[PDB]
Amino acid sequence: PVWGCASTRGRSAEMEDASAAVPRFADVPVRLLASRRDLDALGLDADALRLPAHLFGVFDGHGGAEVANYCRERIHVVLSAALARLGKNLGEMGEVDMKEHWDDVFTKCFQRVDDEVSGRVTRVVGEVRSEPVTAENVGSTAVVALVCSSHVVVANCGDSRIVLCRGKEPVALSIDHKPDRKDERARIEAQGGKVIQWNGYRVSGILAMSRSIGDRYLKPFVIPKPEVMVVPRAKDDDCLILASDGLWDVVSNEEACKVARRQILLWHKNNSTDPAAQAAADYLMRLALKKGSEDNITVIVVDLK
């Protein structure tokens, strides 16, 4: 329920990174968090219970910042409406496959945002727009973390990454969507595309990721379908780190976890966002700058304990 956000253009000409932090963005149907049997054990299975959730997001735009900003402004609204609708449908199923439902709600949310970006569906601005938001070569990564009392649900689409610092060990809650992945290469080549090593493995030799919002000039090879990971919260959990590759290209998961935990503990022993988590995010950002990153850097740190 507590976070900090550090974000800088860095040594770059333009700023194409965006981030979002929306507390109480939606109410999560509890049937997405606990089985009907464990809730029925407490008698909390007849009506439609809901547990408020927070949403954090990092969006690394390319070819411009319009798509990243649009994801920041729209993803939480669409996801909130989708969860609201699914709440009126979980009670009609004897047993809830929670992981498949999370995958479906995040897939439909990301696909809706992508269709709004590309202009395949209309968007509300008292007025309606139907043209694409920007050119066909503009896109953005999207990593979102839904945090609630019981679970962290991660939806990833691109090469931005989120890491859970749990105990003495970092746990990656998202796998980068680089086109050299075996399953992603198999999908792209199965659709008739190519993954070419051209200053890195790239779709058609151009884009260094296989999934993103927008980038309609590279469809159907680049898709907006996210990978979702549902992880229950434990007392080992310390913090979450959501960042663009401006941090991950120069800082590893372990170094980021130890640095963030040490900075939070240091602020607490020595002494809306949280000041300690903000100190952690700022330290991570300036550490990525010090290591030599020339990229935009965005870091959200979510203190869990």
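The numbering used is simple: start at 1 and walk along the sequence shown.
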(message) With respect to the deposited sequence, is there a break between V125 and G126 in this entry, and if so is it 1 to 3, 4 to 9, or 10 or more residues, or none at all?
(response) 1 to 3
(message) Does the chain run continuously from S252 to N253, or are deposited residues unmodelled in between? Answer none, 1 to 3, 4 to 9, or 10 or more.
(response) none
(request) Averaging the C-alpha B factors as listed in the entry, name the stretch that ends up higher: 238 to 246 or 255 to 263. (result) 255 to 263
(message) When the Cα temperature factors in the entry are averaged, is it 161 to 169 or 73 to 81 that ends up higher?
(response) 161 to 169
(message) Among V58, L51, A48, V67, where is the Cα B factor highest in this entry?
(response) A48
(request) Compare the C-alpha B factor of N296 with those of the other modelled residues in its chain, then answer lowest, middle or highest third. (result) middle
(request) Could you tell me which third, lowest, middle or highest, the C-alpha B-factor of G43 occupies within its chain? (result) highest
(message) Going by the CA temperature factor in the PDB record, which third of the chain does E189 belong to: lowest, middle or highest?
(response) highest
(request) Select lowest, middle or highest to describe the third in which the CA B-factor of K88 falls within its chain in this entry. (result) highest
(request) Classify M98 as lowest, middle or highest third according to the C-alpha B-factor given in the PDB entry, relative to its own chain. (result) highest
